[PDB]
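I have placed the structure first, in the form of structure tokens, so that the comments after it can refer back to it.
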Amino acid sequence: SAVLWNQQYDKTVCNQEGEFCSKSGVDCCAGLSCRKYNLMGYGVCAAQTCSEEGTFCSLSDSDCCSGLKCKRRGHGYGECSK
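The opening residue of the sequence shown carries number 1 in the deposited numbering; numbering runs sequentially from there.
Right, dumping it as structure tokens:
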């Protein structure tokens with residue numbers, strides 16, 4: 001009754017968009033999201049689309065992630081803010 005070989009030993013490694021996420025609770029690399037597509041939720045990583053916090057955005061039309069508000073900073077231009 002020999003035990004199967006380990007899957008990995010090295011530190012927590014990430015993968016680029018396209019990789020699949022397990023139900024163990026794995027998270028894609030920085031700037032990646034396992035967009036759910038299947039019925040159970042066996043989607044794959046995908047580069048986020050929403051603007052990050054601090055990045056310049058359109059004050060006329062918010063385009064940041066959930067929890068970010070484009071605060072005018074300058075003269076007719078602002079960036080995302082928590």
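Cβ atoms here follow ideal geometry from the backbone N, Cα and C, with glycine treated the same way.
Subject >> Three CB pairs or more closer than 8 Å across the segment 25–36 and the segment 53–66 >> reply: Judged by pairs of C-beta atoms under 8 Å, the segment 25–36 does not touch the segment 53–66, as fewer than three such pairs exist.
**OP:** Give me the Cβ distance between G18 and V44, rounded to the nearest whole Å; I'm assuming they're in contact under 8 Å.
**Re:** Yes, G18 and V44 are in contact; Cβ-Cβ is about 6 Å, under 8 Å.
**OP:** Report yes if the C-beta distance between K69 and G78 is below 7 Å; otherwise report no.
**Re:** No, these two residues do not count as a Cβ contact at 7 Å.
Subject >> Within 7 Å, strictly: CB atoms of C29 and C50 >> reply: No, these two residues do not count as a Cβ contact at 7 Å.
Original post:
If you compare alpha carbons, which of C14, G67, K23, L39 is closest to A46?
Top reply: Nearest of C14, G67, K23, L39 to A46, Cα basis: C14.
Subject >> Residues bridged to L32 (per DSSP) >> reply: Residue pairing for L32: DSSP places it in a beta bridge opposite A47.
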